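Peer 1:
Protein chains: 4
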Amino acid sequence: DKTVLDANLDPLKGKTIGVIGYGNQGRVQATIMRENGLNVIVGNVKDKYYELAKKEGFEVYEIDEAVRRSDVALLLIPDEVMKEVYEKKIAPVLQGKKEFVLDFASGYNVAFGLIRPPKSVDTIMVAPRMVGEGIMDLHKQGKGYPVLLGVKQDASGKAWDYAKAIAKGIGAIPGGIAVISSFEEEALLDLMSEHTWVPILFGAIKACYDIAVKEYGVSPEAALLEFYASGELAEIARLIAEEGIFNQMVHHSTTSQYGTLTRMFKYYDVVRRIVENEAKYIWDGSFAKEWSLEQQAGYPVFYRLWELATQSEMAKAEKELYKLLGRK
Amino acid sequence: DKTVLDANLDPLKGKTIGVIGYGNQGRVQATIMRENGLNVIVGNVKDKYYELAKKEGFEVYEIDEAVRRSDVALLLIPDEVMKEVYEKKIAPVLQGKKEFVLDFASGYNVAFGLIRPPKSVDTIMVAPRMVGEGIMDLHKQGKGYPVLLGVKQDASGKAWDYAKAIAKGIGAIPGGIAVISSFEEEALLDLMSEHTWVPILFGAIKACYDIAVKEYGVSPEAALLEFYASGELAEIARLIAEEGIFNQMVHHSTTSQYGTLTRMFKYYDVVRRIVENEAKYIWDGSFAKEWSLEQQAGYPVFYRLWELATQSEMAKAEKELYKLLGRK
Amino acid sequence: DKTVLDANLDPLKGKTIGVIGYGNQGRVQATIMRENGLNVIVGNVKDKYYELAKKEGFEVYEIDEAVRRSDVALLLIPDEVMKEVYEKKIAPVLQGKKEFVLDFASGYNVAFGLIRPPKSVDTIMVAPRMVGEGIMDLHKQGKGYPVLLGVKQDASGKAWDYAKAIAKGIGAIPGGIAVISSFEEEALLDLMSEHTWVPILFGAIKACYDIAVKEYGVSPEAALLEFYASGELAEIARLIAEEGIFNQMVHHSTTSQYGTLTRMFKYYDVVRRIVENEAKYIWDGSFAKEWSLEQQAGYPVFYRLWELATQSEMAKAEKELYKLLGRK
Amino acid sequence: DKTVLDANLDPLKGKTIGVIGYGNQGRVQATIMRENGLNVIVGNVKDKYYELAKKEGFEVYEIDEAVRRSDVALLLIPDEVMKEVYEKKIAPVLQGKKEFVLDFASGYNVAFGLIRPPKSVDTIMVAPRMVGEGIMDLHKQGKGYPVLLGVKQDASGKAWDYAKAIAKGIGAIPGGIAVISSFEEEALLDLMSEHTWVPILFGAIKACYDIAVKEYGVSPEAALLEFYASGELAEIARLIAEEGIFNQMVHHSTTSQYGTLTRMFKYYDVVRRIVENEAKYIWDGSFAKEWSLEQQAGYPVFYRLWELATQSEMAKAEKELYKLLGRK
Ligand SMILES: NC(=O)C1=CN([C@@H]2O[C@H](COP(=O)(O)OP(=O)(O)OC[C@H]3O[C@@H](n4cnc5c(N)ncnc54)[C@H](O)[C@@H]3O)[C@@H](O)[C@H]2O)C=CC1
Ligand SMILES: NC(=O)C1=CN([C@@H]2O[C@H](COP(=O)(O)OP(=O)(O)OC[C@H]3O[C@@H](n4cnc5c(N)ncnc54)[C@H](O)[C@@H]3O)[C@@H](O)[C@H]2O)C=CC1
Ligand SMILES: NC(=O)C1=CN([C@@H]2O[C@H](COP(=O)(O)OP(=O)(O)OC[C@H]3O[C@@H](n4cnc5c(N)ncnc54)[C@H](O)[C@@H]3O)[C@@H](O)[C@H]2O)C=CC1
Ligand SMILES: NC(=O)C1=CN([C@@H]2O[C@H](COP(=O)(O)OP(=O)(O)OC[C@H]3O[C@@H](n4cnc5c(N)ncnc54)[C@H](O)[C@@H]3O)[C@@H](O)[C@H]2O)C=CC1
Ligand SMILES: O=C(O)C1(C(=O)O)CC1
Ligand SMILES: O=C(O)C1(C(=O)O)CC1
Ligand SMILES: O=C(O)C1(C(=O)O)CC1
Ligand SMILES: O=C(O)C1(C(=O)O)CC1
Ligand SMILES: [Mg+2]
Ligand SMILES: [Mg+2]
Ligand SMILES: [Mg+2]
Ligand SMILES: [Mg+2]
Ligand SMILES: [Mg+2]
Ligand SMILES: [Mg+2]
Ligand SMILES: [Mg+2]
Ligand SMILES: [Mg+2]
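Protein chains in written order, with the UniProt record's numbering: chain U, 2 to 329; chain V, 2 to 329; chain H, 2 to 329; chain B, 2 to 329.
1. What number of angstroms, rounded off, separates the C-alpha of residue 132(H) from the C-alpha of residue 147(H)?
2. When the cut-off is 7 angstroms and only beta carbons count, does residue 82(V) lie next to chain U?
3. Once the 5 residues before and after residue 59(H) are set aside, which same chain residues still bring their CB inside 7 angstroms of it?
4. To which residues of the same chain is residue 276(U) closer than 6 angstroms at the C-beta, ignoring the five residues directly before and after it?
5. Less than 7 angstroms between the C-beta atoms of residue 330(H) and residue 106(H), yes or no?
6. Measuring alpha carbon to alpha carbon, tell me which of 135(U), 184(U), 144(U) and 97(U) ends up nearest residue 331(U).
7. Buried or exposed: residue 21(U), going by 16 or more other Cβ atoms within 10 Å of its Cβ?
8. Does the contact criterion of 3 or more C-beta pairs under 8 angstroms hold for the segment 293 to 307 of chain H versus the segment 250 to 260 of chain V?
9. Report the three-state DSSP secondary structure of residue 6(H) (helix, strand or coil).
10. Contact defined as beta carbons within less than 8 angstroms: I believe residue 261(V) pairs with residue 247(H). What is the distance between those atoms, to the nearest angstrom?
11. Can you pull the chain H residues whose beta carbon is under 7 angstroms from the beta carbon of residue 235(V), in chain order?
12. Just tell me which of 94(V), 11(V) and 201(V) has its CA closest to the CA of residue 38(V).
13. How far does the alpha helix (DSSP H) with residue 18(V) in it extend, from its first residue to its last?
14. Answer yes or no: does any C-beta atom of chain V fall closer than 7 angstroms to that of residue 147(H)?
15. Which of the residues in the segment 130 to 141 of chain H, read from start to end, lie with their CB under 9 angstroms from any CB of chain V?
16. For ligand 9, is there a heavy atom less than 6 angstroms away from the beta-carbon of residue 191(U)?
17. Quick check on the burial criterion: 16 or more other C-beta atoms within 10 angstroms. Buried or exposed for residue 207(V)?
18. Taking only beta-carbon positions, decide if residue 299(V) is within less than 7 angstroms of chain U.
19. Thinking just about the alpha-carbon of each residue, which of 180(B), 40(B), 28(B) and 134(B) is nearest to the one in residue 56(B)?
20. I'd like to confirm something about residue 80(U): is its beta-carbon nearer than 6 angstroms to some heavy atom of ligand 1, or not?
21. Tell me the rounded alpha-carbon separation between residue 299(H) and residue 308(H).
22. Tell me, to the nearest whole angstrom, how far the beta carbon of residue 46(H) is from that of residue 54(H); I am working on the premise that it is less than 8 angstroms.
23. How many angstroms separate the CA atom of residue 80(U) from the CA atom of residue 326(U)?
24. Quick one: Cα of residue 98(U) to Cα of residue 70(U), how far?
25. Look up residue 129(U) in the DSSP assignment and say whether it is helix, strand or coil.
26. Tell me whether residue 253(U), by its Cβ, gets closer than 6 angstroms to a heavy atom of ligand 5.
27. If contact means a Cβ-Cβ distance below 8 angstroms, which residues of the UniProt domain "KARI C-terminal knotted" (183 to 329) of chain V contact chain U?
28. When you measure from the CB of residue 257(B) to every non-hydrogen atom of ligand 8, does any distance come out below 6 angstroms?
29. Identify which residue in 95(H), 16(H), 86(H) and 153(H) has its Cα closest to the Cα of residue 187(H).
30. At the level of alpha carbons, what is the spacing between residue 313(U) and residue 219(U)?
31. Hey, quick one: how far does the alpha helix (DSSP H) through residue 320(H) stretch, first residue to last?
32. Could you check if residue 123(U) is buried or exposed, using at least 16 other CB atoms within 10 Å of its CB as the buried criterion?
33. Is any beta-carbon of chain V found at less than 7 angstroms from that of residue 165(H)?
34. What residue range is occupied by the uninterrupted alpha helix (DSSP H) comprising residue 162(V)?
35. Note down the Cα distance separating residue 321(U) from residue 213(U), rounded to an integer number of angstroms.
36. With C-beta atoms as the reference, is residue 3(H) less than 7 angstroms away from residue 181(H)?
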């Protein structure tokens, strides 16, 4: 199928590579590649992470300097401010180039047009789905991890093979896999999760707490223990990742199975409508507007919601309890 | 009535005039006026259009220089960025003046307060309704064209006569006509069209295509031919402009007349509600906010909708077909 | 694909052809075919058009006489009364035949069963999409035009090749194209347009006028100029036919693009429902009933709506204005 | 105001007049005019009414003969079939004329386009509002009655003075009055009554009977006596015509006044909506279609409703009762 289990490493050997950032990915992928036999460099804001980068033995010039030396550059930095940084300190230098290849971790800025490099640059993506520490927790096992391949602009007829070259350049295949997919799909997917089932889950838990306490005279401690203060969810998620989402439930009681299945098929349409609405809202570009403007305004809503969440009854009770159990 | 069929040319003879821009209008109106016996100048961004402007024999200083020399200035440039340009490079110079007269092509920026010149400047508008090439396609015929007159600020008791002086200074009357109307009316009108019947028309066509193909098993080619790939609409519009909208239909079949009339009077209320909503949305200033913010954010929605429109089935089919017919 | 770019001319050479009518199509297609090397005749009501037909050098017997001489006949006459004329003056003669081929310009009467010739006649259609003058405006250019091919009844196993023979017999391919499609598709398409986007467009324009005048104190002249009294729509339609519907908008302002796209995607569902309703109403045969009965009753609704449209405020204002501009 | 209290009689003296029909109006108006000093004739179907017409001393040729002799003709015949009769036996003769003037009693057929005489005939209306016997019940009193003047087509610049000449030619002014009004207004008005308050009244009475009998155990006799079997309504209507609709109520009890006024102002909106709907239905021409088709089909609905009304309980009870009181 569309999957790729391993591929070549030719087009990157003989060229220099530009690594922008030394955070989670930057450090991991950079060290991996250096250990994969390639000449590489680093670009970074000269701060604590720069200390750590030059510590681990990576020559780190300024950003634009690392782009002048490299014919490839990977922008392993945030998604909320990258626009300005590209406008000022990268776009000029890039205009001073021919045959360049720019690859990102997230498609937010490109899928929505906030960054439009010239037609003189093959534009690509790949993105893994971990938080990043799992990838060393797998590399020391000699394993490989899964990722999502994308190409935005092709000015060399080689963007795809460059894609797989990079892929193998970071230690994903062989050992994991590599999927191919537009910038658009990656962004859509990453945002659907953050907008559909995570918040629904959290709101459901909060509602259960509130109800159980204010309408059935229950002790906060017991509610917290049942819903999330226990590690039940973690084990369930592990079993899901191992065996499968449904086959996981064989280790439960028949009562749990029955209730879960019935109520799942009973409420499927509601959440379906919700997911439709949110996915549409994303496909159109509305959420990117919303979020960019919330930055420009000074993050008021962010602030207020962070406050309301922590000043809620559930959070205070969780505080007292976690204190009791010694949990920090 | 409020119309004016021709008027004087006195207050502009003896004065210098400031022409900002050499695009469609700028070039046409400027050449017309030079050919109407007036001393004029040009202000322009020094680029290809500046090449063409100095080509056609118009001394072109910098913007602010052309405003220092002139006691009148006309801002024949876009509507999305004009704000900043006025703030930086025009407002200072203007503060260095007394007795100035500023006229625009569109009232967007003034009707909504994005540009508020001092009380030391008679502020006016006029705007034609063509795309611009029709006006030479009429001037070489010695004809005149119609326009909309507006006055925002009067500090000389002469703004209206300056208005008609300008009017005749561009070759509209005699030969066409000149209407008088606020900045507000012009903006309201130009935006109602772009928000009510153009998009409704396009959506209706798209829906007809989709339905005919996915529910009645029709070939894309035939659908495209019927709906818009033919020049039927062009001839209809021409006859409308010539004879009248309804009298135009006498050249149709009685079947078409009957169906059209019945369905027109049948759906009038719906579109009426829609038009009410949109006109209200405009009168209040909401759309200007929406659009300015969409600029500040980086044009995400614009980008995504441009993509969705071109990646639609109808567009791909139109591509294949137009290729077949040799149409570029 | 289903398209055909040129084909044979064999089955019509050696046979006589029956041309019923000398209107727009009749004259054009008849002259074309005579100029394509075929023996042809004409059938016509002996009136001014008969004068013009015998003028241009076409022997014109009576209808039934032209059918007795020909083994093919094409009924290039209206769609509202053709039924009776076929019942009286054509059905008998046709019953006096074997091996006949009848082709029409519109499928209304056949797609809905108002005319059911015998199984002794291969029954076909083709229909172009112009108004008719464009076809000489193309033939003098040596070009060809597009059309829609259909076969209703096959009693010779040759109906399709007769179809393409006729096609080339009228100067469409080579130079244009020829699509194949049932009688049903042609009728459905021609009627969807006349019922969905034309009347919606007109009602939207009318509503905009009414609103702008009665709720924002606008002068009728300016409204008329903006909405349709200008030739803006004609140029837009031309660019659509030339470049494409969406690519056409690149010549507009970004403001117009943004508003149009947003409002198009915002109102797509409403017009979709409307189009569904009307297409269903047509597929079932209801509209044909409606229209036939409106004929039998004496055209009352037709009359009254024609009156209401012309006695509207917009029409009177358009009258005064068109008078001012010299437009007849 | 628009009223006219008396006028001239000149244009009709010296000309012959064509009177079509000898029914209620025909006889009355014809005898009046003969008694007003004018040369007149009659056209009639040769039947009992023809017997009566030639009885009263009016030479009566055939219809077309009476139109050949006259330069004016008045069509004092029904509204359901007049179309055909005009098509066959009047349109030809009329085509054989120049300078003709046709006046009707009702605008149904003309206001809706079922009869469109040539531009060689000044087309007019006037219509009285009685049933016809009241007009002799007034003429023997030397009085005059009110009527509604209308002009459809003017080919002599004299249609209005012909109108008033006719008016005085029938004994309406002086003594009554004459209003001027389109064909459209007359038809609209005559049909609104027959569709709004007459049927509402009857349905209300019927509902009151049904309710009182089936939910409060009342004797049919008493219900019939209260609601309509008494002549209460007749006296009320007389007082309305004499004094005024509201001033009429001073002769009632305060209880009746209070209840009537309160419930009138309480239900005004409902009946207003109903009247709006029906008036719209008429203005468009829909009802004329409905009624013409009900003729063409054979009057099924008419028949069935006539049956249901007479086979109702109320009608049978009214039968028994009217029998008791000797009323036929
Ligand atoms: N756990 C996560 O957050 C994951 C993040 N990603 C992607 O990697 C990127 C990193 O995300 P995070 O590190 O979590 O965000 P973060 O909030 O931790 O960003 C902190 C870093 O951004 C720099 N920075 C902050 N503001 C800056 C400014 N105005 N100008 C220049 N530099 C500035 C700082 O130097 C600092 O090193 C994101 O774009 C995301 O798309 C992908 C997988 C998981
Ligand atoms: N066909 C149309 O678009 C019509 C335009 N108008 C009015 O005339 C004006 C011109 O419209 P268009 O030429 O079509 O827009 P446009 O998109 O073609 O504007 C391009 C011009 O704007 C300049 N420009 C762009 N960005 C700039 C920036 N940041 N700073 C300085 N200059 C910048 C460029 O030098 C370029 O010459 C509009 O404001 C509109 O209200 C009136 C009738 C029709
Ligand atoms: N512009 C258009 O109206 C188009 C028409 N067509 C098709 O071609 C046909 C012609 O349409 P139009 O010429 O526009 O209609 P039309 O209203 O112009 O019809 C006038 C013609 O019909 C004849 N006619 C009228 N009543 C008649 C009657 N009772 N008995 C015998 N002959 C009568 C007349 O002699 C006259 O020549 C239509 O059926 C239509 O399907 C196809 C493309 C465009
Ligand atoms: N009381 C009323 O009905 C009112 C009538 N009018 C108007 O006066 C006219 C007379 O109305 P009515 O006498 O009540 O209608 P009606 O139902 O009494 O019509 C009977 C007359 O119509 C003739 N007739 C019937 N069918 C015919 C046919 N196929 N062909 C030729 N002649 C036919 C008959 O010979 C007969 O003389 C109407 O058109 C109406 O507009 C105006 C005021 C009141
Ligand atoms: O929620 C629980 O504790 C479980 C049960 O079956 O009772 C294991 C799922
Ligand atoms: O849509 C069509 O082709 C028309 C027809 O009457 O059939 C000309 C309007
Ligand atoms: O962008 C504008 O203002 C247009 C107008 O409606 O006049 C050209 C489309
Ligand atoms: O309905 C009645 O009998 C009346 C009353 O007042 O009781 C006279 C009106
Ligand atoms: Mg994710
Ligand atoms: Mg994310
Ligand atoms: Mg416009
Ligand atoms: Mg605009
Ligand atoms: Mg059509
Ligand atoms: Mg049609
Ligand atoms: Mg009446
Ligand atoms: Mg009546």
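Each residue gets a CB set at the ideal place from its N, CA and C atoms; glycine is no exception.
Peer 2: Taking the definition as stated:
1. 13 angstroms
2. no
3. 31 and 43
4. 197
5. For chain H, the structure presents residues 2 to 329; residue 330(H) sits outside this window and is missing.
6. The first residue shown for chain U is 2 and the last is 329, placing residue 331(U) beyond what the model contains.
7. buried
8. yes
9. coil
10. Not quite, the Cβ-Cβ distance comes to about 26 angstroms (not below 8 angstroms), so this is no contact.
11. 235, 238, 239 and 242
12. 11(V)
13. Careful: residue 18(V) lies outside any alpha helix (DSSP H), inside the beta strand (DSSP E) at 17 to 21.
14. yes
15. 130, 131, 132, 134 and 135
16. yes
17. buried
18. yes
19. 28(B)
20. yes
21. 15 angstroms
22. Not confirmed; about 10 angstroms, so no contact.
23. 37 angstroms
24. 10 angstroms
25. strand
26. yes
27. 294, 295, 297, 298, 299, 300, 301, 302, 303, 304, 305, 306 and 309
28. yes
29. 153(H)
30. 17 angstroms
31. 314 to 325
32. buried
33. no
34. 160 to 170
35. 19 angstroms
36. yes
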